[PDB]
Amino acid sequence: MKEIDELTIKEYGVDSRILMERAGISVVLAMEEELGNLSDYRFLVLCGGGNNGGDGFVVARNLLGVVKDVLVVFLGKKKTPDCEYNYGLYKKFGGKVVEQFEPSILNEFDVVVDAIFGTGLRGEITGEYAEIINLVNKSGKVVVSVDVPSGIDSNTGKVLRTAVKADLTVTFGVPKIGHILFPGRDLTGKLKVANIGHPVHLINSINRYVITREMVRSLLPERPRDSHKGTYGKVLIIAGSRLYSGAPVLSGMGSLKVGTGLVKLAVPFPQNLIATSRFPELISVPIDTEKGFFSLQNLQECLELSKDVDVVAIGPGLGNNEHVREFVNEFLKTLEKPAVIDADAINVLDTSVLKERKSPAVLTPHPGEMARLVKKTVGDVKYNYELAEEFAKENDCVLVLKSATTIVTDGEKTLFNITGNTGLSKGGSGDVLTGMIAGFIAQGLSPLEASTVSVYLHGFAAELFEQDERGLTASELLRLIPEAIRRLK
Amino acid sequence: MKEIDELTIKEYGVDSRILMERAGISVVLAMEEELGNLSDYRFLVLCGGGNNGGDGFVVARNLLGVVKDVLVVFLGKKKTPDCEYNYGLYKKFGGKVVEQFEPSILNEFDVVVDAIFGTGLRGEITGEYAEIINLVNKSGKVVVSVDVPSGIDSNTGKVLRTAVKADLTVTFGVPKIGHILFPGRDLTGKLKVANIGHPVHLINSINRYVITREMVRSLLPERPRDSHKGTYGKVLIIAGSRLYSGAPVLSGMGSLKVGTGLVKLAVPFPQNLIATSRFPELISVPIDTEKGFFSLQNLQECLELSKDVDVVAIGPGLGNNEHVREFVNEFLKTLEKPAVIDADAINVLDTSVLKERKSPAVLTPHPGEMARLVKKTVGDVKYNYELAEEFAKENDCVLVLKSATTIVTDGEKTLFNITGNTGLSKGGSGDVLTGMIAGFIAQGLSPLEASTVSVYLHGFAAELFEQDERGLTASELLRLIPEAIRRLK
Amino acid sequence: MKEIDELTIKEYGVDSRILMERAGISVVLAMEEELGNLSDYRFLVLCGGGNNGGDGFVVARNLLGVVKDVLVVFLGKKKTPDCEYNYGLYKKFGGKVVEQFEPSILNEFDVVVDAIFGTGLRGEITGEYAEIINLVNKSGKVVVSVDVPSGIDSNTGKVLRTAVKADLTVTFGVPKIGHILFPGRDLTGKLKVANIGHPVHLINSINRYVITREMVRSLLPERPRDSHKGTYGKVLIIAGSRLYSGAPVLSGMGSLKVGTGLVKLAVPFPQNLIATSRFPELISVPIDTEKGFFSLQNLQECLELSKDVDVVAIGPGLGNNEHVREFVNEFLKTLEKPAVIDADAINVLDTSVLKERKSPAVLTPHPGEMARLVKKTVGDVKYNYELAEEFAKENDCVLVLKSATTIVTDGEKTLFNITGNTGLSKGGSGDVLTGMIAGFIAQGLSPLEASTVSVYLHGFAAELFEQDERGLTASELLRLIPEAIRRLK
Amino acid sequence: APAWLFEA
Amino acid sequence: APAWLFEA
Amino acid sequence: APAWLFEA
Amino acid sequence: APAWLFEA
Ligand SMILES: Nc1ncnc2c1ncn2[C@@H]1O[C@H](COP(=O)(O)OP(=O)(O)OP(=O)(O)O)[C@@H](O)[C@H]1O
Ligand SMILES: Nc1ncnc2c1ncn2[C@@H]1O[C@H](COP(=O)(O)OP(=O)(O)OP(=O)(O)O)[C@@H](O)[C@H]1O
Ligand SMILES: Nc1ncnc2c1ncn2[C@@H]1O[C@H](COP(=O)(O)OP(=O)(O)OP(=O)(O)O)[C@@H](O)[C@H]1O
Ligand SMILES: [K+]
Ligand SMILES: [K+]
Ligand SMILES: [K+]
Ligand SMILES: [Mg+2]
Ligand SMILES: [Mg+2]
Ligand SMILES: [Mg+2]
């Protein structure tokens with residue numbers, strides 16, 4: 001996007017000042033859309049010495065004479081050329097700038113416009129910068145951030161010591177990764193993305209996107225009227241154990257609720273009977289195990305059952321002991337079908353196995369499982385989209401790294417999911433998503449497409465829960481999936 | 001129907017031109033009902049050299065002076081007498097005909113009236129015919145087909161190389177089989193059936209019908225207030241296995257939801273306990289089996305259980321191995337009760353057994369099962385109503401050949417079902433329908449009546465699902481059956 | 001406004017390109033507000049070689065990639081620097097320009113953006129310019145004009161041979177006189193005035209304005225609760241004759257309906273009895289005349305009656321013969337009260353009398369009366385605001401020149417009224433307005449304020465008529481005045 | 001509902 | 001009613 | 001819904 | 001309002 005600005009100026013020939021005017025006015029229009037008529041409000045505009053601050057001076061100058069009061073506090077040392085030009089306009093138009101503030105300044109103002117730092121933030125915020133940001137955050141005023149809330153790293157969404165908490169963020173061209181990943185996503189408040197006149201071809205070239213309703217709608221498979229269950233594919237789910245009997249059931253229904261034609265579970269006996277007592281639609285094959293866990297003695301039966309399906313999901317509730325490890329790795333090494341690998345199948349996975357598979361795979365770890373899989377800490381893998389991309393590319397798979405914002409990548413293309421809520425922060429949620437992904441693969445979507453559609457719909461179904469989200473359970477999530485699908489079109 | 005036209009002309013004495021006028025005006029009225037006022041639209045009428053095209057000339061002539069523009073493209077070589085007469089009228093009325101077209105002609109028109117071929121289609125469409133049809137299909141104009149969309153074989157619903165995709169089809173006298181069977185049913189779009197003045201006695205003599213709401217309403221059994229469970233019959237369902245424990249439950253509830261008095265399942269122990277944990281209304285008798293499948297050792301217990309019921313359903317989830325084959329065939333040979341034979345009981349059935357049964361039977365195969373049963377390919381049996389009729393007649397049974405359009409026949413009478421949607425394209429759907437049929441038989445309907453009512457209500461219940469149809473499951477289908485029954489009256 | 005552009009560039013230092021970008025984007029936003037989503041429409045943008053055309057190139061470039069199709073037809077010879085720069089951007093962004101058009105070009109487009117000529121129009125439009133404008137006007141496409149519809153003189157509202165008829169005009173900074181006066185007001189269609197970043201102090205310095213609802217609301221006099229009829233003033237209306245008995249009644253009620261405390265009419269006997277038979281609220285003093293018209297013999301009685309009032313209105317229905325002329329001129333010469341001079345009192349007025357009056361006057365001619373008063377043709381005075389200003393300034397009066405757009409001036413300040421409709425194009429309308437003005441003067445508004453408020457409310461009352469406007473009569477207008485007053489606050 | 005001409 | 005950009 | 005300026 | 005057949 002910094003490249004996009006440069007090219008728009010240097011090669012398309014758009015004056016940098018025109019881009020800056022467009023940025024500033026889009027902030028004014030956004031505020032009006034959010035606050036209604038601006039003419040009764042008093043505005044405090046906090047401007048750094050960079051182009052973010054220059055955008056701020058455009059905002060300030062365009063409010064002059066139209067609102068009750070504008071004051072700029074200029075907090076920088078020097079001004080870039082466009083900031084200087086726009087400071088110069090603000091002052092020629094009759095604007096008041098001050099370079100010092102007292103804590104009390106917030107008193108006489110209703111709206112704070114945060115134009116201190118944008119994408120040019122480098123390093124921790126300290127000093128007077130930190131102090132004014134902490135004062136703004138304690139003030140209870142309406143906060144509108146220009147491009148990115150000051151103090152968020154726009155490439156990662158991390159807080160560099162302290163950051164502005166905004167009610168409204170107006171960003172230019174495209175959302176930045178720091179509006180999408182937490183904590184930055186939280187501090188952004190309501191995000192508007194403004195067109196400031198970059199060529200559309202450049203805006204569209206960005207390789208990391210947010211999954212949108214329109215993208216998911218165009219990916220949803222067709223339901224031709226002359227069809228039968230075989231049209232919509234077959235899934236095998238290898239799951240469960242004497243310890244974890246519920247997982248298979250949630251995974252299986254997850255596949256059925258997204259429109260899969262036939263779902264078969266392989267679950268240790270008698271835990272397999274659990275599934276059909278709850279949903280008799282499912283086929284739940286009993287697997288005879290020595291001690292209630294899959295082992296090498298079940299390898300052959302599982303490969304046999306795989307022959308008549310389009311996709312296999314494995315892992316939810318398997319347990320993690322050595323016999324499971326041997327079974328999972330020998331199975332995946334021989335299985336020549338797409339595989340969705342989750343939960344305990346990830347915990348025991350030998351990643352060499354993925355490199356040697358000819359068939360595709362999707363892996364669906366939470367950060368704890370991803371951390372163990374690559375032998376790093378949770379903090380180092382959490383929201384680490386570049387690590388996710390490298391892993392996907394090196395192992396020839398799709399990686400779905402689950403969190404409040406979920407990252408979906410095949411190594412080339414990376415998509416971010418922002419649907420969902422904390423009702424999914426509860427056992428069983430993941431098991432549903434595994435089934436959804438397998439289901440969409442069975443219906444003919446690529447592993448990446450299936451993952452993109454499933455993460456979006458899984459979170460959207462959660463948002464449709466009628467009562468308080470903290471009471472959402474996986475069973476209720478399942479019931480909501482077909483309403484999510486309907487609302488999507 | 002070609003016979004019906006002939007008799008109406010040659011023996012009732014209706015001039016062929018009167019029939020053709022009536023056909024054409026019914027198309028105009030249908031278009032008005034669908035498009036509102038016609039006066040702003042421009043119409044391109046594509047006319048073959050046959051009587052379909054003659055119908056087209058009547059359409060064109062009746063729009064002259066009343067709509068914005070009409071053009072006829074005449075694509076035939078020679079004209080039949082009625083086509084010639086009506087071409088002659090069109091031209092005397094001031095109409096414009098051309099015999100050549102360029103791809104661009106679609107540009108200046110809003111509505112295409114397709115009168116190229118009707119029931120006189122013979123062989124594949126090629127040449128300029130194919131080319132204009134492909135242009136029409138890419139044009140995004142409103143397409144109205146006269147009688148049948150050109151390129152559909154009206155006896156089978158097959159596409160003869162290429163065919164018009166219509167928004168509205170106006171057919172005369174009676175629906176044709178090619179509007180009812182796919183792919184033709186799909187290409188027909190909204191179908192209107194117009195009365196063009198055939199004697200009603202002739203229209204009513206047709207032996208192959210579409211199952212309608214009125215027919216199903218008059219077949220629904222009575223519920224006299226002074227009644228008890230015995231009034232409404234008893235069903236035995238022989239079903240399930242250690243592999244397939246859910247099937248019995250869906251079949252049993254299928255019978256209960258259509259108003260059957262008592263339902264008993266015979267299911268291998270402990271899989272029988274599944275049914276009553278989900279629905280305690282059911283009676284689920286445990287059958288002690290050697291390895292989890294019915295075998296000859298269970299013959300005597302099953303015949304005993306049959307004595308106190310009105311109908312027996314057999315097959316869903318039995319499995320298909322030799323012991324099941326021996327059991328199913330020896331059972332059906334001795335059972336002197338109506339039988340509903342589904343799924344694995346079809347896969348193992350010896351059709352000699354059907355010929356020797358004194359009692360009635362309904363068979364409910366999907367095309368895969370029908371194909372295996374008569375030793376043909378799926379493509380040769382799919383929508384092959386004449387094969388279905390021969391099979392029913394030769395084996396003295398009712399055959400219910402399931403697909404998006406379901407065919408129900410006893411060899412003499414054949415009915416087509418058009419209710420339902422793709423939510424039924426999912427494991428479990430069939431199991432429900434089996435129970436519904438058995439249930440209606442138990443309540444006193446003939447096997448053919450029971451099958452007619454059950455296929456209609458099963459599809460209608462699916463259409464009543466509130467959310468996206470692809471998320472419909474059998475359990476939800478069951479809950480919808482009594483609402484379908486209520487809406488039917 | 002040309003001065004306002006210059007000062008904003010040369011002295012405030014706003015780059016001319018920034019103003020041009022702001023102009024173009026405001027057109028895009030305006031079109032979206034009027035048409036909804038732009039993405040399905042095809043746009044033909046007609047660009048001259050001037051800055052109007054440059055504004056057009058900004059429009060075109062900002063639609064690229066976002067709507068279905070954009071084409072620019074460039075109709076000029078050479079380009080100004082900003083037009084050239086923006087042409088250059090449009091082309092760098094992938095835009096298509098052509099320099100020739102055929103009549104058929106309008107075919108493939110839905111919206112015409114008219115950026116041919118703005119305020120730089122000089123002289124009659126001929127040639128290819130005229131031809132494309134005539135083609136656009138016959139096309140029935142949606143027409144959006146940039147600044148002013150091409151062919152309207154923005155200082156006068158005259159059509160220079162031919163002009164674009166727009167559905168939407170987007171103008172910059174302030175409305176131009178040519179959007180306000182006819183025929184230009186008619187060709188403008190819906191007018192939006194966009195802020196493109198001129199300092200507000202400059203926008204507010206313009207000396208010729210449109211009368212707005214807010215201006216009239218703040219001028220409306222106060223109604224303190226502790227008040228009596230004397231608080232709200234007294235009006236004398238000298239009016240009527242044996243020929244014209246209705247005029248006094250409409251003038252009198254006009255004063256009463258705007259909240260005047262007491263209204264007295266002096267009308268020749270017995271025509272005075274007309275007024276109180278219709279409205280007994282009025283005082284209608286009988287004046288004994290020789291032949292049914294005011295004359296010098298009534299001078300003394302009229303001056304006497306004037307002593308106890310705040311304002312005198314004179315003229316409606318007096319007749320115009322020499323005795324009336326002598327009376328009117330001798331009366332106004334001696335009357336030391338504000339005077340509202342209308343109708344026949346204008347037709348006989350000696351303008352020397354106005355110059356010698358110490359007290360104020362408002363004159364309320366239609367163009368016919370103004371023409372006779374200054375000895376010019378109707379065509380030379382109609383909408384001639386500069387002539388109106390000179391007349392007001394030279395005679396020390398307020399001039400209210402009535403027409404579909406009414407001009408109100410005291411020589412320094414000029415206001416334009418755009419309320420009303422053709423229901424006011426009917427005898428009696430004027431008589432009402434005379435009373436309204438006198439009434440507001442009596443309540444304490446300056447003659448200019450009284451005229452501003454009265455013209456606005458008179459037209460607004462007409463717009464409130466429930467049925468077809470052509471059936472509006474003066475009596476119904478009167479009944480609507482207090483609803484206009486209520487809706488104003 | 002009137003159905004002399006059309007069945008749906 | 002918001003009027004930063006447009007007056008009607 | 002009009003989206004020339006803003007995506008949500 | 002559709003009027004191919006009837007005028008009122
Ligand atoms: N706060 C949140 N906001 C949005 N999505 C969330 C949130 N918390 C969890 N999720 C989602 O819920 C799912 C949790 O799956 P995960 O495998 O992490 O948990 P789980 O307890 O193991 O579920 P299961 O028992 O099914 O394995 C993921 O899709 C994750 O993205
Ligand atoms: N696209 C469709 N439109 C209408 N009806 C459909 C469609 N697809 C399937 N059906 C119906 O659903 C039922 C499917 O029964 P079938 O025996 O073919 O499938 P199944 O998976 O075996 O169900 P079960 O598991 O109960 O045996 C049939 O009535 C069939 O007509
Ligand atoms: N088409 C119109 N649109 C708006 N206002 C109009 C229109 N036609 C006339 N008016 C207004 O109606 C009033 C007409 O007064 P005028 O003195 O011209 O006519 P009149 O017939 O003499 O009325 P009266 O009989 O009361 O003297 C003026 O205010 C004029 O501005
Ligand atoms: K900022
Ligand atoms: K046809
Ligand atoms: K213009
Ligand atoms: Mg999990
Ligand atoms: Mg079946
Ligand atoms: Mg008058």
# chains A, B, ... in the order shown; residues from 1 in each chain; ligands from 1
>>> residues_near_ligand(ligand="ligand 7", cutoff="8 Å", atoms="only C-alpha atoms and all ligand atoms", output="PyMOL selection string")
chain A and resi 316+342-343+364-366+427-431
>>> write_last_selection(atoms="N, CA and C atoms", output="tab-separated table (two decimals), in the first residue's frame")
chain	number	residue	atom	x	y	z
A	316	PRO	N	-10.62	-35.23	15.71
A	316	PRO	CA	-11.37	-34.73	16.87
A	316	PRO	C	-11.62	-35.89	17.85
A	342	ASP	N	-7.22	-32.35	12.14
A	342	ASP	CA	-7.63	-31.51	13.25
A	342	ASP	C	-7.20	-32.15	14.58
A	343	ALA	N	-7.12	-31.29	15.59
A	343	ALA	CA	-7.11	-31.69	16.99
A	343	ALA	C	-6.00	-32.69	17.29
A	364	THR	N	-6.19	-27.67	10.67
A	364	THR	CA	-7.01	-26.69	11.38
A	364	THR	C	-6.62	-26.55	12.85
A	365	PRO	N	-5.39	-26.11	13.16
A	365	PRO	CA	-4.95	-25.95	14.52
A	365	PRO	C	-5.46	-24.64	15.16
A	366	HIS	N	-5.74	-24.67	16.48
A	366	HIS	CA	-5.67	-23.43	17.28
A	366	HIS	C	-4.18	-23.12	17.63
A	427	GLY	N	-15.55	-25.60	24.09
A	427	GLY	CA	-15.39	-26.93	23.55
A	427	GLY	C	-16.49	-27.35	22.58
A	428	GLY	N	-16.08	-27.88	21.46
A	428	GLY	CA	-17.03	-28.37	20.45
A	428	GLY	C	-17.08	-27.54	19.19
A	429	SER	N	-16.75	-26.26	19.31
A	429	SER	CA	-16.81	-25.30	18.18
A	429	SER	C	-15.94	-25.77	17.03
A	430	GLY	N	-14.71	-26.10	17.37
A	430	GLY	CA	-13.73	-26.59	16.41
A	430	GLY	C	-14.17	-27.86	15.69
A	431	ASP	N	-14.80	-28.75	16.42
A	431	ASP	CA	-15.21	-30.01	15.88
A	431	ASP	C	-16.24	-29.73	14.77
>>> interface_residues(of="chain F", to="chain A", cutoff="8 Å", atoms="only C-alpha atoms", output="ChimeraX atom specification")
/F:4-8
>>> residues_near_ligand(ligand="ligand 4", cutoff="6 Å", atoms="only C-alpha atoms and all ligand atoms", output="VMD selection string")
chain A and resid 114 to 118 145 to 150
>>> write_last_selection(atoms="C-alpha atoms", output="PDB file, in the first residue's frame")
ATOM      1  CA  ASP A 114      -6.280  11.223  16.018  1.00  0.00           C
ATOM      2  CA  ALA A 115      -3.822  12.050  13.244  1.00  0.00           C
ATOM      3  CA  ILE A 116      -0.671  11.511  15.299  1.00  0.00           C
ATOM      4  CA  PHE A 117       0.813   8.358  13.654  1.00  0.00           C
ATOM      5  CA  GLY A 118      -0.396   6.181  10.783  1.00  0.00           C
ATOM      6  CA  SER A 145      -8.549   7.825  14.049  1.00  0.00           C
ATOM      7  CA  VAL A 146      -6.980   8.783  10.762  1.00  0.00           C
ATOM      8  CA  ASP A 147      -5.812   5.612   8.854  1.00  0.00           C
ATOM      9  CA  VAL A 148      -4.899   3.486  11.897  1.00  0.00           C
ATOM     10  CA  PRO A 149      -5.239   4.239  15.596  1.00  0.00           C
ATOM     11  CA  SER A 150      -1.880   5.806  16.624  1.00  0.00           C
TER      12      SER A 150
END
>>> residues_near_ligand(ligand="ligand 2", cutoff="6 Å", atoms="only C-alpha atoms and all ligand atoms", output="JSON, numbers by chain")
{"A": [225, 226, 227, 228, 229], "B": [366, 402, 403, 404, 406, 420, 421, 422, 424, 425, 426, 427, 428, 429, 430, 431, 432]}
>>> select_by_dssp(residues="range 202-240 of chain A", states="strand (DSSP E)", output="count of residues only")
8
>>> residues_around(residues="residue 274 in chain C", least_positions_apart="2", cutoff="8 Å", atoms="only C-alpha atoms", output="PyMOL selection string")
chain C and resi 245-246+249+270-272+276-278
>>> atom_distance(atom1="CA of residue 305 in chain B", atom2="CA of residue 236 in chain B")
7.5 Å
>>> residues_around(residues="residue 1 in chain G", least_positions_apart="4", cutoff="10 Å", atoms="only C-alpha atoms", output="PyMOL selection string")
chain B and resi 32+36-38
>>> write_last_selection(atoms="N, CA, C and O atoms", output="short mmCIF file (atom, residue, chain, number, x, y, z; two decimals), in the first residue's frame")
data_model
loop_
_atom_site.label_atom_id
_atom_site.label_comp_id
_atom_site.auth_asym_id
_atom_site.auth_seq_id
_atom_site.Cartn_x
_atom_site.Cartn_y
_atom_site.Cartn_z
N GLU B 32 -48.95 -11.99 -20.49
CA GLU B 32 -49.49 -10.82 -19.79
C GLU B 32 -49.61 -11.01 -18.26
O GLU B 32 -49.25 -10.15 -17.45
N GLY B 36 -47.07 -8.61 -16.85
CA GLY B 36 -47.89 -7.42 -16.69
C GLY B 36 -48.20 -6.91 -18.09
O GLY B 36 -48.13 -7.68 -19.08
N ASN B 37 -48.52 -5.63 -18.19
CA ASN B 37 -48.84 -5.00 -19.46
C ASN B 37 -47.78 -5.22 -20.54
O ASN B 37 -46.62 -4.94 -20.33
N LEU B 38 -48.19 -5.73 -21.70
CA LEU B 38 -47.23 -6.07 -22.75
C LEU B 38 -46.84 -4.87 -23.63
O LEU B 38 -45.96 -4.97 -24.46
#
>>> select_by_dssp(residues="range 218-309 of chain B", states="alpha helix (DSSP H)", output="ChimeraX atom specification")
/B:218-219,247-257,273-278,299-306
>>> write_last_selection(atoms="N, CA and C atoms", output="CSV table (one decimal), in the first residue's frame")
chain,number,residue,atom,x,y,z
B,218,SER,N,-57.8,-35.7,-1.5
B,218,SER,CA,-59.0,-36.6,-1.5
B,218,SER,C,-58.6,-38.0,-1.1
B,219,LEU,N,-57.3,-38.4,-1.1
B,219,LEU,CA,-56.8,-39.7,-0.7
B,219,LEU,C,-56.5,-39.8,0.7
B,247,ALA,N,-31.1,-45.9,10.6
B,247,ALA,CA,-32.2,-46.1,9.6
B,247,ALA,C,-33.6,-46.5,10.3
B,248,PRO,N,-33.6,-47.5,11.2
B,248,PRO,CA,-34.9,-47.9,11.8
B,248,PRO,C,-35.7,-46.8,12.5
B,249,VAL,N,-35.0,-45.9,13.1
B,249,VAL,CA,-35.6,-44.8,13.8
B,249,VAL,C,-36.3,-43.8,12.8
B,250,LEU,N,-35.6,-43.5,11.7
B,250,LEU,CA,-36.2,-42.6,10.7
B,250,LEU,C,-37.4,-43.3,10.1
B,251,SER,N,-37.3,-44.5,9.7
B,251,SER,CA,-38.5,-45.2,9.2
B,251,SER,C,-39.7,-45.3,10.1
B,252,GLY,N,-39.4,-45.7,11.4
B,252,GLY,CA,-40.5,-45.8,12.4
B,252,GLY,C,-41.2,-44.5,12.6
B,253,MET,N,-40.4,-43.4,12.8
B,253,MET,CA,-41.1,-42.0,13.0
B,253,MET,C,-41.8,-41.6,11.7
B,254,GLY,N,-41.3,-42.0,10.6
B,254,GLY,CA,-42.0,-41.7,9.3
B,254,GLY,C,-43.4,-42.3,9.4
B,255,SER,N,-43.5,-43.5,9.8
B,255,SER,CA,-44.9,-44.1,10.0
B,255,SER,C,-45.7,-43.3,11.0
B,256,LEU,N,-45.1,-43.0,12.2
B,256,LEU,CA,-45.9,-42.3,13.2
B,256,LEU,C,-46.4,-40.9,12.8
B,257,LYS,N,-45.5,-40.2,12.1
B,257,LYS,CA,-45.9,-38.8,11.8
B,257,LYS,C,-47.0,-38.7,10.8
B,273,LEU,N,-31.9,-50.1,21.0
B,273,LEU,CA,-32.0,-49.1,22.1
B,273,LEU,C,-31.9,-47.7,21.6
B,274,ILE,N,-31.2,-47.5,20.5
B,274,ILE,CA,-31.0,-46.2,19.9
B,274,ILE,C,-32.4,-45.6,19.6
B,275,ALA,N,-33.4,-46.4,19.2
B,275,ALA,CA,-34.6,-45.8,18.7
B,275,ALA,C,-35.4,-45.1,19.8
B,276,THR,N,-35.5,-45.8,20.9
B,276,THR,CA,-36.4,-45.4,22.0
B,276,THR,C,-35.7,-44.3,22.8
B,277,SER,N,-34.4,-44.3,22.8
B,277,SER,CA,-33.7,-43.2,23.4
B,277,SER,C,-34.0,-41.9,22.7
B,278,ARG,N,-34.3,-41.9,21.4
B,278,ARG,CA,-34.6,-40.7,20.6
B,278,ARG,C,-36.1,-40.4,20.6
B,299,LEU,N,-35.6,-65.6,11.3
B,299,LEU,CA,-36.7,-65.8,10.4
B,299,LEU,C,-38.0,-65.9,11.3
B,300,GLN,N,-38.0,-66.9,12.2
B,300,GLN,CA,-39.2,-67.3,12.9
B,300,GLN,C,-39.6,-66.2,13.8
B,301,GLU,N,-38.7,-65.5,14.5
B,301,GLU,CA,-39.1,-64.4,15.4
B,301,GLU,C,-39.8,-63.2,14.6
B,302,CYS,N,-39.3,-63.0,13.3
B,302,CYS,CA,-39.8,-61.9,12.5
B,302,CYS,C,-41.2,-62.3,12.0
B,303,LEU,N,-41.5,-63.5,11.6
B,303,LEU,CA,-42.8,-63.9,11.1
B,303,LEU,C,-43.8,-63.8,12.3
B,304,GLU,N,-43.3,-64.2,13.5
B,304,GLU,CA,-44.2,-64.1,14.6
B,304,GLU,C,-44.6,-62.7,14.9
B,305,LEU,N,-43.7,-61.8,14.8
B,305,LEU,CA,-43.9,-60.4,15.1
B,305,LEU,C,-44.8,-59.8,14.0
B,306,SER,N,-44.7,-60.3,12.7
B,306,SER,CA,-45.6,-59.9,11.6
B,306,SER,C,-47.1,-60.3,11.8
>>> interface_residues(of="chain A", to="chain C", cutoff="10 Å", atoms="only C-alpha atoms", output="ChimeraX atom specification")
/A:8,11-15,17-22,25,61-66,85-86,88-94,195-201
>>> atom_distance(atom1="CA of residue 380 in chain B", atom2="CA of residue 321 in chain B")
26.3 Å
>>> residues_around(residues="residue 340 in chain B", least_positions_apart="4", cutoff="8 Å", atoms="only C-alpha atoms", output="ChimeraX atom specification")
/B:311-314,361-364,434,437-438
>>> residues_around(residues="residue 50 in chain A", least_positions_apart="3", cutoff="8 Å", atoms="only C-alpha atoms", output="compact mmCIF listing (two decimals) with N, CA, C and O atoms, in the first residue's frame")
# COMPACT_ATOMS: atom_id res chain seq x y z
N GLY A 53 -0.36 13.27 9.98
CA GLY A 53 -0.70 14.57 10.52
C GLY A 53 -1.14 15.51 9.42
O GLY A 53 -2.02 16.34 9.64
N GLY A 54 -0.55 15.37 8.23
CA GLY A 54 -0.99 16.20 7.09
C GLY A 54 -2.45 15.92 6.75
O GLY A 54 -3.20 16.81 6.44
N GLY A 76 4.42 17.16 16.53
CA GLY A 76 5.68 16.78 15.90
C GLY A 76 6.79 17.79 16.05
O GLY A 76 6.62 18.85 16.71
N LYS A 79 7.85 18.90 9.76
CA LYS A 79 6.73 18.53 8.98
C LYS A 79 7.22 18.02 7.66
O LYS A 79 8.09 18.63 7.07
N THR A 80 6.63 16.95 7.15
CA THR A 80 6.88 16.56 5.78
C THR A 80 6.28 17.64 4.82
O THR A 80 5.47 18.49 5.23
N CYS A 83 2.54 17.71 4.82
CA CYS A 83 2.04 18.17 6.11
C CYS A 83 2.23 19.68 6.23
O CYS A 83 1.33 20.42 6.67
N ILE A 116 -2.02 11.42 14.75
CA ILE A 116 -0.67 11.51 15.30
C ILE A 116 0.26 10.62 14.47
O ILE A 116 1.17 11.14 13.83
N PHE A 117 0.05 9.30 14.51
CA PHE A 117 0.81 8.36 13.65
C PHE A 117 -0.09 7.43 12.85
O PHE A 117 -1.07 6.91 13.36
N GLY A 120 3.40 5.06 9.35
CA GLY A 120 4.81 5.42 9.62
C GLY A 120 5.25 5.26 11.07
O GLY A 120 6.38 5.57 11.43
